[PDB]
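Undergrad: The structure under discussion is supplied below as structure tokens; questions concerning it will follow.
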Amino acid sequence: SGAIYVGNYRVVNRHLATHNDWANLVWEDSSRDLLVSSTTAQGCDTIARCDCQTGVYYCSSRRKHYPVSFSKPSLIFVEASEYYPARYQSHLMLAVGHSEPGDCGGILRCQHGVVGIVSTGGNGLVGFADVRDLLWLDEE
Ligand SMILES: N#CCc1cccc(NC(=O)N2CCC[C@H](C(N)=O)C2)c1
Ligand SMILES: [Zn+2]
């Protein structure tokens, strides 16, 4: 589990969105595994606006933050799970690192701010849903 809290937005994995998220919906995209809902309180996270390929992510199944090198956001085939059939996920970045299903939502960050959240995993790989292109998270 986990979310990004930027401005009056809450960014979560679409597959982990709650009823309150769907009832306060701003934007959702199943191909990216992302959903954004509105919040009453202002958050403290800031979004990175860069092309870094190195950063640090939080792994809840280890209670640890790990430094990683990650690929650029791309269209990647992801195996079937309880939440989606086997399909292509867009804006996904891969790295070598530990991930279990419940690690989804952990933040990946670079020197500029939050880069994305854990969205995929298995066999020593971890995948992150990028948010750096969502410029509207910084306003309104
Ligand atoms: N190998 C292995 C098992 C394993 C370990 C660790 C994680 C996973 N699960 C996943 O990657 N996802 C399940 C939630 C939905 C995700 C999505 N964005 O489509 C895909 C699977
Ligand atoms: Zn950066």
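By convention in this document, the chains of the structure tokens carry letters A, B, ... by their order, each chain's residues are numbered from 1, and ligands are numbered from 1 in the order they are shown.
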At a cut-off of 10 Å and counting only C-alpha atoms and all ligand atoms, what residues surround ligand 1? Please answer as a VMD selection string.

TA: chain A and resid 13 to 16 30 to 34 77 to 90 92 98 to 104 118 to 129

Undergrad: Since we have the selection now, will you write its residues out, keeping N, CA and C atoms, as a tab-separated table (two decimals), in the first residue's frame?

TA:
chain	number	residue	atom	x	y	z
A	13	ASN	N	-2.17	3.43	-6.58
A	13	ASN	CA	-2.30	2.42	-7.63
A	13	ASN	C	-3.82	2.28	-7.89
A	14	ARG	N	-4.21	2.29	-9.18
A	14	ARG	CA	-5.67	2.17	-9.48
A	14	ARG	C	-6.24	0.89	-8.88
A	15	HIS	N	-5.44	-0.20	-8.87
A	15	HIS	CA	-5.96	-1.48	-8.37
A	15	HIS	C	-6.16	-1.50	-6.85
A	16	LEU	N	-5.60	-0.52	-6.12
A	16	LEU	CA	-5.75	-0.40	-4.66
A	16	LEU	C	-6.64	0.77	-4.24
A	30	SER	N	-6.28	2.92	-16.42
A	30	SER	CA	-6.01	1.52	-16.20
A	30	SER	C	-4.72	1.05	-16.89
A	31	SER	N	-4.40	1.58	-18.07
A	31	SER	CA	-3.15	1.19	-18.75
A	31	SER	C	-1.92	1.59	-17.99
A	32	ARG	N	-2.01	2.58	-17.10
A	32	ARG	CA	-0.86	3.02	-16.28
A	32	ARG	C	-0.93	2.53	-14.82
A	33	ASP	N	-2.03	1.87	-14.41
A	33	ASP	CA	-2.30	1.50	-13.03
A	33	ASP	C	-2.29	2.70	-12.08
A	34	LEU	N	-2.86	3.84	-12.52
A	34	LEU	CA	-2.85	5.03	-11.65
A	34	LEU	C	-4.28	5.55	-11.44
A	77	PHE	N	5.12	-5.61	-21.11
A	77	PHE	CA	4.15	-6.67	-20.92
A	77	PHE	C	4.23	-7.14	-19.46
A	78	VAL	N	3.08	-7.13	-18.76
A	78	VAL	CA	3.02	-7.55	-17.37
A	78	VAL	C	2.15	-8.82	-17.30
A	79	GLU	N	2.61	-9.83	-16.55
A	79	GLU	CA	1.87	-11.08	-16.39
A	79	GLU	C	0.56	-10.86	-15.65
A	80	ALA	N	-0.38	-11.80	-15.86
A	80	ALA	CA	-1.69	-11.80	-15.22
A	80	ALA	C	-1.55	-11.84	-13.74
A	81	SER	N	-2.49	-11.17	-13.08
A	81	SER	CA	-2.52	-11.13	-11.62
A	81	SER	C	-3.99	-11.19	-11.17
A	82	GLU	N	-4.26	-11.08	-9.85
A	82	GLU	CA	-5.65	-11.03	-9.37
A	82	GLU	C	-6.28	-9.68	-9.79
A	83	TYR	N	-5.48	-8.65	-10.18
A	83	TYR	CA	-6.05	-7.33	-10.52
A	83	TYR	C	-6.20	-7.00	-11.97
A	84	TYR	N	-5.34	-7.60	-12.82
A	84	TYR	CA	-5.41	-7.34	-14.26
A	84	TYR	C	-5.07	-8.65	-15.00
A	85	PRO	N	-5.57	-8.79	-16.23
A	85	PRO	CA	-5.11	-9.92	-17.08
A	85	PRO	C	-3.68	-9.61	-17.55
A	86	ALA	N	-3.01	-10.56	-18.24
A	86	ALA	CA	-1.68	-10.28	-18.80
A	86	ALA	C	-1.91	-9.22	-19.89
A	87	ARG	N	-1.13	-8.13	-19.85
A	87	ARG	CA	-1.37	-7.02	-20.76
A	87	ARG	C	-0.12	-6.13	-20.82
A	88	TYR	N	-0.17	-5.13	-21.69
A	88	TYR	CA	0.84	-4.11	-21.77
A	88	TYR	C	0.47	-2.97	-20.85
A	89	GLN	N	1.42	-2.57	-19.96
A	89	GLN	CA	1.24	-1.42	-19.06
A	89	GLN	C	2.13	-0.31	-19.58
A	90	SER	N	1.59	0.92	-19.69
A	90	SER	CA	2.34	2.04	-20.20
A	90	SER	C	2.98	2.85	-19.06
A	92	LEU	N	5.76	2.59	-17.59
A	92	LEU	CA	6.30	1.73	-16.54
A	92	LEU	C	7.84	1.72	-16.67
A	98	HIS	N	13.83	-6.14	-4.80
A	98	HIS	CA	12.80	-6.98	-4.24
A	98	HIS	C	11.39	-6.34	-4.26
A	99	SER	N	10.34	-7.05	-4.62
A	99	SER	CA	8.95	-6.56	-4.64
A	99	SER	C	8.02	-7.77	-4.46
A	100	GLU	N	7.02	-7.62	-3.65
A	100	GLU	CA	5.91	-8.54	-3.42
A	100	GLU	C	4.64	-7.75	-3.74
A	101	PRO	N	3.50	-8.41	-3.98
A	101	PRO	CA	2.29	-7.66	-4.40
A	101	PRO	C	1.91	-6.46	-3.51
A	102	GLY	N	1.97	-6.62	-2.20
A	102	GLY	CA	1.64	-5.55	-1.25
A	102	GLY	C	2.67	-4.44	-1.14
A	103	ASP	N	3.80	-4.55	-1.84
A	103	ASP	CA	4.76	-3.43	-1.91
A	103	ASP	C	4.25	-2.32	-2.86
A	104	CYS	N	3.17	-2.60	-3.64
A	104	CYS	CA	2.61	-1.53	-4.50
A	104	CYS	C	2.25	-0.31	-3.67
A	118	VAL	N	5.63	2.06	-6.73
A	118	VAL	CA	5.71	0.63	-7.08
A	118	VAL	C	4.37	0.16	-7.66
A	119	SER	N	4.40	-0.54	-8.80
A	119	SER	CA	3.18	-1.04	-9.46
A	119	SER	C	3.30	-2.50	-9.86
A	120	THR	N	4.53	-3.04	-10.09
A	120	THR	CA	4.67	-4.45	-10.54
A	120	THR	C	5.85	-5.09	-9.80
A	121	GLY	N	5.97	-6.43	-9.88
A	121	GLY	CA	7.08	-7.12	-9.24
A	121	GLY	C	7.23	-8.57	-9.64
A	122	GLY	N	8.20	-9.23	-9.00
A	122	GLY	CA	8.49	-10.66	-9.16
A	122	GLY	C	9.91	-10.92	-9.62
A	123	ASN	N	10.46	-12.08	-9.21
A	123	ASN	CA	11.76	-12.63	-9.58
A	123	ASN	C	12.90	-11.64	-9.59
A	124	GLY	N	12.96	-10.82	-8.56
A	124	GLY	CA	14.05	-9.90	-8.41
A	124	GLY	C	13.90	-8.68	-9.28
A	125	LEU	N	12.72	-8.41	-9.84
A	125	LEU	CA	12.44	-7.13	-10.53
A	125	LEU	C	11.37	-6.33	-9.77
A	126	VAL	N	11.43	-5.02	-9.89
A	126	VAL	CA	10.38	-4.15	-9.36
A	126	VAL	C	10.04	-3.16	-10.50
A	127	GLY	N	8.76	-2.87	-10.71
A	127	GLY	CA	8.31	-1.90	-11.71
A	127	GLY	C	7.60	-0.73	-11.06
A	128	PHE	N	7.87	0.46	-11.58
A	128	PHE	CA	7.30	1.71	-11.03
A	128	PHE	C	6.48	2.44	-12.08
A	129	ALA	N	5.29	2.88	-11.66
A	129	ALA	CA	4.44	3.74	-12.51
A	129	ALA	C	4.96	5.16	-12.42

Undergrad: Tell me, as a ChimeraX atom specification, which residues lie within 10 Å of residue 52 (chain A), counting only C-alpha atoms; anything in the same chain fewer than 2 positions away does not count.

TA: /A:48-50,54-55,69-72,109-112,115

Undergrad: Using C-alpha atoms, can you export the residues from the last selection as a compact mmCIF listing (two decimals), in the first residue's frame?

TA:
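Okay, this is what ended up in part_35.txt:
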# COMPACT_ATOMS: atom_id res chain seq x y z
CA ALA A 48 10.27 15.39 -9.70
CA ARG A 49 10.45 17.08 -13.15
CA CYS A 50 13.53 15.38 -14.72
CA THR A 54 18.74 6.48 -10.52
CA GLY A 55 16.80 6.89 -7.28
CA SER A 69 18.92 2.15 -11.46
CA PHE A 70 15.68 2.08 -13.51
CA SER A 71 14.66 2.08 -17.16
CA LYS A 72 12.93 5.00 -18.90
CA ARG A 109 12.28 9.30 -5.47
CA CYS A 110 15.33 11.03 -6.95
CA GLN A 111 17.25 14.16 -6.03
CA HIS A 112 14.37 16.28 -7.58
CA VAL A 115 9.31 9.94 -9.47

Undergrad: Between A:68, A:59, A:93, A:53, which has the minimum distance to ligand 2 (counting only C-alpha atoms and all ligand atoms)?

TA: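 So, comparing all the options, the nearest one is A:53.
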
Undergrad: Apply DSSP to the structure's backbone, then extract all residues of region 66-123 of chain A labelled strand (DSSP E or B) and return them as a ChimeraX atom specification.

TA: /A:66-69,74-78,87-96,107-110,113-122

Undergrad: Quick one: residues within 9 Å of region 22-27 of chain A, only C-alpha atoms, excluding same-chain residues fewer than 4 positions away - as a list in words?

TA: residues 9, 17, 18, 34, 35, 36, 37, 38 and 39 of chain A

Undergrad: Based on the selection just made, write N, CA and C atoms of those residues as an mmCIF file, in the first residue's frame.

TA:
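File written: result.cif
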data_model
loop_
_atom_site.group_PDB
_atom_site.id
_atom_site.type_symbol
_atom_site.label_atom_id
_atom_site.label_comp_id
_atom_site.auth_asym_id
_atom_site.auth_seq_id
_atom_site.Cartn_x
_atom_site.Cartn_y
_atom_site.Cartn_z
ATOM 1 N N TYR A 9 -4.101 16.503 -3.930
ATOM 2 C CA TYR A 9 -4.248 15.247 -4.661
ATOM 3 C C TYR A 9 -3.642 14.098 -3.881
ATOM 4 N N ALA A 17 -7.280 1.461 -5.227
ATOM 5 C CA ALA A 17 -8.142 2.589 -4.889
ATOM 6 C C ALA A 17 -9.318 2.181 -4.033
ATOM 7 N N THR A 18 -9.644 3.037 -3.065
ATOM 8 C CA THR A 18 -10.791 2.780 -2.160
ATOM 9 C C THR A 18 -12.095 3.357 -2.724
ATOM 10 N N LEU A 34 -2.857 3.838 -12.521
ATOM 11 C CA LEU A 34 -2.854 5.027 -11.651
ATOM 12 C C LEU A 34 -4.276 5.555 -11.444
ATOM 13 N N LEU A 35 -4.506 6.106 -10.261
ATOM 14 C CA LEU A 35 -5.746 6.831 -9.974
ATOM 15 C C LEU A 35 -5.380 7.973 -9.059
ATOM 16 N N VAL A 36 -6.037 9.122 -9.264
ATOM 17 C CA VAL A 36 -5.821 10.329 -8.454
ATOM 18 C C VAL A 36 -7.146 10.801 -7.911
ATOM 19 N N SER A 37 -7.228 11.006 -6.596
ATOM 20 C CA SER A 37 -8.435 11.526 -5.946
ATOM 21 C C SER A 37 -8.117 12.847 -5.267
ATOM 22 N N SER A 38 -9.169 13.602 -4.916
ATOM 23 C CA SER A 38 -8.980 14.890 -4.244
ATOM 24 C C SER A 38 -8.939 14.739 -2.721
ATOM 25 N N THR A 39 -8.179 15.641 -2.038
ATOM 26 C CA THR A 39 -8.048 15.574 -0.576
ATOM 27 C C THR A 39 -8.473 16.904 0.038
#

Undergrad: For the helix (DSSP H, G or I) assignment from backbone DSSP, which residues of chain A qualify? Please present them as a compact mmCIF listing (two decimals) with C-alpha atoms, in the first residue's frame.

TA:
# COMPACT_ATOMS: atom_id res chain seq x y z
CA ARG A 14 -5.67 2.17 -9.48
CA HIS A 15 -5.96 -1.48 -8.37
CA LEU A 16 -5.75 -0.40 -4.66
CA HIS A 19 -14.51 3.67 -2.48
CA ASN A 20 -13.65 7.14 -1.10
CA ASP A 21 -11.05 7.53 -3.90
CA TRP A 22 -13.64 6.63 -6.59
CA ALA A 23 -16.22 8.97 -4.98
CA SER A 30 -6.01 1.52 -16.20
CA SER A 31 -3.15 1.19 -18.75
CA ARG A 32 -0.86 3.02 -16.28
CA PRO A 101 2.29 -7.66 -4.40
CA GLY A 102 1.64 -5.55 -1.25
CA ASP A 103 4.76 -3.43 -1.91
CA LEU A 135 2.30 18.29 -14.88
CA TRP A 136 -1.17 19.16 -13.60
CA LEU A 137 -0.34 17.52 -10.21
CA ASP A 138 1.62 20.78 -9.44

Undergrad: For CA of residue 106 (chain A) and CA of residue 46 (chain A), quote the distance in Å rounded to one decimal.

TA: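 Between these atoms lies a distance of 14.9 Å.
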
Undergrad: I need the residue nearest residue 40 (chain A) from this list: A:114, A:67, A:6, A:12. Use only C-alpha atoms for the distance.

TA: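 Smallest distance to residue 40 (chain A) is found for A:6.
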
Undergrad: So how far away is CA of residue 47 (chain A) from CA of residue 107 (chain A), in Å?

TA: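 CA of residue 47 (chain A) lies 10.9 Å from CA of residue 107 (chain A).
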
Undergrad: Pick the closest to residue 65 (chain A) from A:11, A:108, A:94, A:44: which is it, counting only C-alpha atoms?

TA: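 Using only C-alpha atoms, residue 65 (chain A) sits closest to A:108.
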
Undergrad: Rank nothing, just name the residue among A:56, A:134, A:96, A:4 nearest to ligand 2, using only C-alpha atoms and all ligand atoms.

TA: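 Of all the options, A:56 lies closest to ligand 2.
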
Undergrad: In Å, rounded to a single decimal, give me how far CA of residue 8 (chain A) is from CA of residue 60 (chain A).

TA: 25.0 Å
